[PDB]
Amino acid sequence: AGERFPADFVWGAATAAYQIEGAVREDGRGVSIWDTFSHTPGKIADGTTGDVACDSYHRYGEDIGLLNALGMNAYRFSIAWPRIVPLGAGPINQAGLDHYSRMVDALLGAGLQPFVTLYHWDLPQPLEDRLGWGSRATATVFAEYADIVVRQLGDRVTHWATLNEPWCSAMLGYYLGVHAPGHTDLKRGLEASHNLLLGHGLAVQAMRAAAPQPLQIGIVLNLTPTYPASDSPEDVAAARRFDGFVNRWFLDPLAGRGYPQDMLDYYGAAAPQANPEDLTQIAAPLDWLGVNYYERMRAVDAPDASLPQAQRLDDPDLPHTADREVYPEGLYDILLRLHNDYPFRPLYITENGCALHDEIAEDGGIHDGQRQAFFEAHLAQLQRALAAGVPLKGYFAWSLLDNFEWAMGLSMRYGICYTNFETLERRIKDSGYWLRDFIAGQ
Ligand SMILES: *[C@H]1O[C@H](CO)[C@@H](O)[C@H](O)[C@H]1F
Ligand code: NA
């Protein structure tokens, strides 16, 4: 494959508001489901919360300094709905909009294109009190929030994503209970998935009407390429079920193909009520799709397990990070599939990276060679994808800096920059210097 990326390729790093900002009560911010969840004893592995995190509400200028030192040309970050509409449904908080306005101006002044995520999991708690993503009304008010934000910032921000990883919000938040709000019911999770998709579609339409200029609007999906452990009917069916559970359940309705019928049959009475009107809304045309990629699923049939009755067959020969199996070829596979089998284009890699047991060494650096190798290998797969015609326009490393990693708290470090959570000092890791020098060469 090729050596060089396009001259106008987007090179960035990514964060999310609750994971980095802190300042959870400042300047009118409301309570989010992640404030409630992280303050519930036992939900976070290490007793931490997002109360301070990286203090990026006050220290985003330091984050900009890091992006500049890395030679990036873009920054993917989220806007906290609790800062914009603290009650979820209700009046706006101009102080919240002004904060992000200043941030956007600081990014543009630095030559960093803002790639804004509207929803990165921090649902206002008052909406969860009224069933959260279990209620259609949450979709409606999400679109109202999207309208307000674009009205004020859309003169400067062209590239917007509605949702980050609706599979996580629905299935981890309402079915498996490991993410906020922490419910454990399949029917509620599937209902949440529909109202997330509906909220996405309503927001796209609202954003286009509210925008002062044409916008490039996408959605961001985690995708897991799935492979049967054997060619038996049982294992192949398990792979199809897992592929439907994570990938096709979201890709198909967004593509105007309805929900996948095999999954509707498998889910039975737990499937949501989806009329043709909702599906037309959900398929609101998009300008790009964001792909979040870390891992494959090598599936074996698991009849006694919870739905989708498919377990991972571990490969001890493959490298593992602090929390995941490394399989770079899956990134090529999933992109080839999107390019040839689905209508979304162009594509951005909106999240890719890894977690390691990073420490500051005696010399002062962070020697994260496995993370450097992770980036090198995945970037090579992107060159293969580009060679095959995949319309890939950018890449965002997850994450700019170590941050609050959801149910694992501050204990799971994904940064290309190290965060000292006691002093708030950031330091570039060796992999970040590698990205800097690779990008500079491009
Ligand atoms: C994508 O995955 C990373 C690692 O688990 C999370 O920190 C991000 O919030 C999620 F969008
Ligand atoms: Na390892």
Side-chain angles (χ1 to χ4, degrees), residues 12-21 32-34 37-38 44-46 48-50 53-54 56 75-81 115-123 161-173 176 178-180 196 218-224 246 250 289-295 314-328 330-331 334 348-359 367-375 377-378 395-417 419 431:
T15 62
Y18 190 76
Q19 304 189 258
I20 66 166
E21 280 183 3
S32 88
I33 60 171
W34 271 96
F37 191 72
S38 71
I44 314 301
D46 62 359
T48 64
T49 71
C54 310
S56 293
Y75 182 35
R76 175 166 183 262
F77 67 96
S78 83
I79 288 181
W81 190 354
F115 270 68
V116 177
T117 306
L118 284 165
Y119 184 73
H120 202 134
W121 306 352
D122 42 356
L123 184 69
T162 51
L163 311 181
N164 177 86
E165 301 186 344
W167 178 92
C168 289
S169 293
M171 282 327 162
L172 301 186
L176 301 173
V178 301
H179 282 184
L196 282 153
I219 193 171
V220 167
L221 302 181
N222 56 296
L223 299 173
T224 302
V246 180
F250 295 92
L289 170 69
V291 177
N292 287 4
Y293 176 78
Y294 294 120
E295 64 201 11
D314 301 324
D315 197 335
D317 301 334
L318 289 176
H320 292 70
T321 68
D323 63 350
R324 299 180 196 264
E325 185 198 58
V326 180
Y327 190 70
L331 180 53
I334 201 74
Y348 291 86
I349 306 307
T350 39
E351 191 200 59
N352 181 240
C354 64
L356 299 173
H357 306 298
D358 299 303
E359 44 191 355
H367 310 309
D368 62 336
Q370 185 166 20
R371 184 175 293 110
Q372 177 182 309
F374 187 100
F375 289 131
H378 288 80
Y395 179 84
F396 293 88
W398 185 272
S399 181
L400 178 60
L401 72 176
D402 300 330
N403 61 53
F404 180 80
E405 179 50 36
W406 305 120
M408 284 314 297
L410 302 176
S411 82
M412 195 51 76
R413 292 181 180 275
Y414 273 91
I416 67 182
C417 303
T419 310
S431 68

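These values consider heavy atoms only, across backbone and side chains, with no hydrogens, waters or symmetry-generated copies. Remember, it's 1-based here, ligands and their atoms both numbered in the order they're listed. For reference, positions follow the sequence shown, starting with 1.
The minimum heavy-atom distance linking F396 with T350 is given by the pair CB-O, 3.8 Å.
For the pair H120 and ligand 1, the shortest N or O to N or O distance falls below 3.5 Å.
Closest to atom 8 (C) of ligand 1 among all protein heavy atoms lies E351 OE2, 2.9 Å. Scanning the protein heavy atoms around atom 9 (O) of ligand 1, the nearest turns out to be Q19 OE1, 2.6 Å. The nearest heavy-atom contact from the protein to atom 5 (O) of ligand 1 is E405 OE2, 2.6 Å.
The distance from ligand 1 to the heavy atoms of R324 drops below 4.0 Å at these ligand atoms: 4 (C), 5 (O). The contact set between ligand 1 and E165, taken as ligand atoms under 4.0 Å from a residue heavy atom, comprises 1 (C), 10 (C), 11 (F).
A 4.5 Å side-chain heavy-atom check between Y18 and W121 finds every atom pair outside the cut-off. The side-chain heavy atoms of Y293 and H378, taken from C-beta on, include a pair separated by under 4.5 Å. Counting heavy atoms from C-beta outward, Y119 and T162 have side chains that stay 4.5 Å or more apart. Counting heavy atoms from C-beta on, the side chains of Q370 and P319 come closer than 4.5 Å.
Only the side chain of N164 comes within contact range of ligand 1, with a heavy atom under 4.0 Å; no backbone atom does.
Of the candidates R413, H367, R371, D358 forms a side-chain hydrogen bond (donor to acceptor under 3.5 Å, both in side chains) with just one, namely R371.
Looking only at its N/O/S atoms, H320 has O as the one nearest to the Na ion (ligand 2).
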